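A.B. asks: First the structure, which I've put down as structure tokens, then a few questions once you've had a look.
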Amino acid sequence: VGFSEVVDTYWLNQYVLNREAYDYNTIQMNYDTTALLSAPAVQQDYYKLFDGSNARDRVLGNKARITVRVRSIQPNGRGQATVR
Amino acid sequence: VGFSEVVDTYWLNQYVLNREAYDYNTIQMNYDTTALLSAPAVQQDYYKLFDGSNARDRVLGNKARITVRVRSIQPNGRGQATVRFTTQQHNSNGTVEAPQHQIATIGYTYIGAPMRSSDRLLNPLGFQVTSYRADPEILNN
Amino acid sequence: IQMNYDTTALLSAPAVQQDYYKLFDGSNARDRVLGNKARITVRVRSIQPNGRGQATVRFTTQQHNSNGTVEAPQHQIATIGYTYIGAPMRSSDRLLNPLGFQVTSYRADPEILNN
Amino acid sequence: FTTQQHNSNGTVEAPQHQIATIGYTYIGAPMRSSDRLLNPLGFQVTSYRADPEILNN
């Protein structure tokens with residue numbers, strides 16, 4: 001049975017925007033996307049932002065939302081870039 | 001060891017194109033259509049784009065126009081999809097501005113068939129945007 | 001027009017598509033007569049189905065132009081024979097006609113306003 | 001044809017415009033006094049529909 005700069009700046013932008021932004025209505029995709037674009041260490045740091053009494057899910061919840069936009073990204077080396 | 005979307009993308013396209021686009025000559029239909037395909041919260045956000053001194057109606061007016069086209073839409077969950085599209089500005093002097101790339105995130109549902117002839121002939125399915133945002137795409141290619 | 005043109009073809013049986021394409025051919029082509037000097041605005045007032053793939057469309061039309069003038073509006077009635085061919089299998093078609101609407105017969109005559 | 005609604009509070013609704021399509025025949029004179037004094041010709045509708053008129057004027 002069983003036998004049968006352009007590219008990096010895009011990812012850096014989408015990562016920051018989705019990571020930092022928040023909307024009760026779309027966050028499940030941004031949340032999973034951020035994790036998909038994060039090393040387990042990073043994923044955990046991110047997941048923790050939605051934990052405890054100060055969780056983004058409780059602080060913003062469905063009462064407030066965060067809008068994020070990237071102005072400029074410039075790579076600076078060997079796996080490293082700055083996002084403004 | 002050896003053992004080892006069609007309908008929603010249409011509405012999302014038509015919504016973004018009509019919402020983001022502008023032409024003095026056709027905007028009344030795109031404007032009403034956008035509202036018809038929007039939750040009151042969303043409708044208000046949209047209506048406000050035509051208000052004040054920076055209103056699309058005053059900035060573009062009948063001097064400049066916006067052309068919008070959608071490249072690709074991919075649903076990602078439970079009332080949510082990503083729309084990848086472009087936009088450009090044309091004007092009365094015959095010039096064209098460089099095209100921009102944008103990505104919209106749309107939260108949506110359907111409210112069923114409407115009960116007015118002026119609505120059913122535009123949105124029979126009941127498509128409704130409940131949340132909307134669109135950011136510039138950064139072409140880090 | 002490029003989108004309306006392709007959309008019309010997308011919603012038309014080959015026989016109908018050809019009838020439509022021909023309106024843009026020859027010296028009397030819409031592309032030469034209207035070109036970029038004049039434009040046509042169309043709005044539908046009412047549609048009522050009457051049978052088995054057939055409906056009546058009551059609509060109006062008017063011509064606008066580059067000199068800022070407008071011709072008196074005309075009234076027309078279309079008779080449309082139609083079916084559906086199901087969902088298309090190309091992204092360029094499904095994002096325009098997912099239902100498969102297709103006109104199999106088409107005519108539109110002037111309305112005589114005997115009011 | 002046209003149609004309008006009036007009511008007990010003395011108000012009147014805006015008139016609407018409609019168009020009927022009538023399929024018909026005649027069945028000849030009826031054989032009852034209560035019918036011949038109303039439809040002696042035998043008029044009979046065999047199919048009927050009426051849709052709103054769209055005043056695209």
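Every chain in the structure tokens has a letter given in the order shown (A, B, ...), and although residue numbers restart at 1 in each chain, ligands are simply numbered from 1 in the order shown.
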Assign secondary structure with DSSP using the backbone only, and return the residues of range 32-134 of chain B in alpha helix (DSSP H) as a count of residues only.

C.D. replies: 21

A.B. asks: For range 12-22 of chain D, please output as a compact mmCIF listing (two decimals) with N, CA and C atoms, in the first residue's frame all residues within 8 Å (counting only C-alpha atoms; exclusion window: fewer than 2 positions along the same chain).

C.D. replies:
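Listed below is the output, result_7.txt:
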# COMPACT_ATOMS: atom_id res chain seq x y z
N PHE D 1 -50.28 48.81 -17.36
CA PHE D 1 -51.19 49.39 -16.39
C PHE D 1 -50.49 49.92 -15.14
N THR D 2 -51.24 50.65 -14.32
CA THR D 2 -50.69 51.14 -13.07
C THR D 2 -51.55 50.71 -11.89
N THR D 3 -50.95 50.83 -10.71
CA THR D 3 -51.63 50.49 -9.47
C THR D 3 -51.16 51.33 -8.28
N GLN D 4 -52.08 51.61 -7.37
CA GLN D 4 -51.76 52.40 -6.18
C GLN D 4 -52.54 51.99 -4.94
N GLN D 5 -51.93 52.19 -3.77
CA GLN D 5 -52.60 51.86 -2.51
C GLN D 5 -53.04 53.07 -1.69
N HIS D 6 -54.31 53.02 -1.30
CA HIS D 6 -55.01 54.03 -0.50
C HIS D 6 -55.37 53.45 0.85
N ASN D 7 -55.53 54.28 1.88
CA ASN D 7 -55.96 53.68 3.15
C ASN D 7 -56.88 54.52 4.04
N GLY D 10 -56.38 58.11 5.24
CA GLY D 10 -56.44 59.10 4.20
C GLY D 10 -55.14 59.28 3.44
N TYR D 24 -54.72 33.74 -23.59
CA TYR D 24 -56.16 33.59 -23.48
C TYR D 24 -56.87 32.93 -24.65
N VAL D 45 -58.74 33.38 -19.36
CA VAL D 45 -57.30 33.46 -19.26
C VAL D 45 -56.74 32.07 -19.02
N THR D 46 -55.74 31.69 -19.80
CA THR D 46 -55.16 30.36 -19.68
C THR D 46 -53.78 30.42 -19.05
N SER D 47 -53.19 31.62 -19.06
CA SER D 47 -51.87 31.87 -18.50
C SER D 47 -51.79 33.33 -18.09
N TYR D 48 -51.18 33.61 -16.94
CA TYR D 48 -51.09 34.99 -16.50
C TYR D 48 -49.85 35.30 -15.68
N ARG D 49 -49.22 36.42 -15.99
CA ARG D 49 -48.12 36.92 -15.18
C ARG D 49 -48.09 38.44 -15.25
N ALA D 50 -47.63 39.09 -14.18
CA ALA D 50 -47.46 40.54 -14.24
C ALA D 50 -46.25 40.93 -13.42
N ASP D 51 -45.34 41.63 -14.09
CA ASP D 51 -44.07 42.06 -13.53
C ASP D 51 -44.04 43.58 -13.37
N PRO D 52 -43.24 44.14 -12.44
CA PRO D 52 -43.00 45.56 -12.32
C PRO D 52 -42.40 46.13 -13.59
N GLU D 53 -42.82 47.33 -13.96
CA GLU D 53 -42.25 48.02 -15.10
C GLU D 53 -41.06 48.83 -14.61
N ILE D 54 -39.95 48.78 -15.31
CA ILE D 54 -38.83 49.59 -14.88
C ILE D 54 -38.79 50.83 -15.75

A.B. asks: As a PyMOL selection string, please: every residue in chain B that DSSP puts in strand (DSSP E).

C.D. replies: chain B and resi 64-75+80-91+100-110+127-136

A.B. asks: For residue 5 in chain B, list every protein, DNA or RNA residue within 12 Å, evaluated using only C-alpha atoms, and leave out those in the same chain fewer than 6 positions away; present the list as number ranges by chain.

C.D. replies: B: 11-13, 72-82; C: 87, 91, 94-95, 98

A.B. asks: Provide as a list in words the residues of chain B at most 8 Å from chain A, counting only C-alpha atoms.

C.D. replies: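 Output check: residues 2, 3, 4, 76, 77, 80, 105, 106, 107, 131, 135, 136, 137, 138, 139, 140 and 141 of chain B.
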
A.B. asks: Tell me which protein, DNA and RNA residues are within 7 Å of range 42-51 of chain B, counting only C-alpha atoms, leaving out same-chain ones fewer than 6 positions away, and put them as a ChimeraX atom specification.

C.D. replies: /B:35,57,129-131

A.B. asks: Could you give me, as a PDB file with C-alpha atoms, in the first residue's frame, the residues within 12 Å of residue 15 in chain C, counting only C-alpha atoms and dropping anything in the same chain fewer than 4 positions from it?

C.D. replies:
ATOM      1  CA  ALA C   9     -17.529  36.512 -24.433  1.00  0.00           C
ATOM      2  CA  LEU C  11     -20.896  34.725 -20.657  1.00  0.00           C
ATOM      3  CA  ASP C  19     -22.107  37.903 -33.146  1.00  0.00           C
ATOM      4  CA  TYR C  20     -20.643  40.130 -30.437  1.00  0.00           C
ATOM      5  CA  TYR C  21     -17.046  40.120 -31.780  1.00  0.00           C
ATOM      6  CA  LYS C  22     -18.343  41.223 -35.197  1.00  0.00           C
ATOM      7  CA  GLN C 102     -23.976  31.430 -20.926  1.00  0.00           C
ATOM      8  CA  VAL C 103     -26.124  33.196 -23.494  1.00  0.00           C
ATOM      9  CA  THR C 104     -27.210  30.876 -26.284  1.00  0.00           C
ATOM     10  CA  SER C 105     -29.391  33.356 -28.173  1.00  0.00           C
ATOM     11  CA  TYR C 106     -29.588  37.143 -28.074  1.00  0.00           C
TER      12      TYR C 106
END

A.B. asks: Ranking C:63, C:76, C:41, C:83 by minimum distance to chain B and counting only C-alpha atoms, which one comes first?

C.D. replies: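 Closest to chain B, using only C-alpha atoms: C:41.
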
A.B. asks: What residues in chain C lie within 7 Å of chain D, counting only C-alpha atoms, written as a list in words?

C.D. replies: residues 45, 46, 48, 58, 59 and 60 of chain C

A.B. asks: Which residue out of C:56, C:62, C:67, C:28 has the minimum interatomic distance to residue 109 in chain C when only C-alpha atoms are used?

C.D. replies: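 Comparing C:56, C:62, C:67, C:28 against residue 109 in chain C, the winner is C:56.
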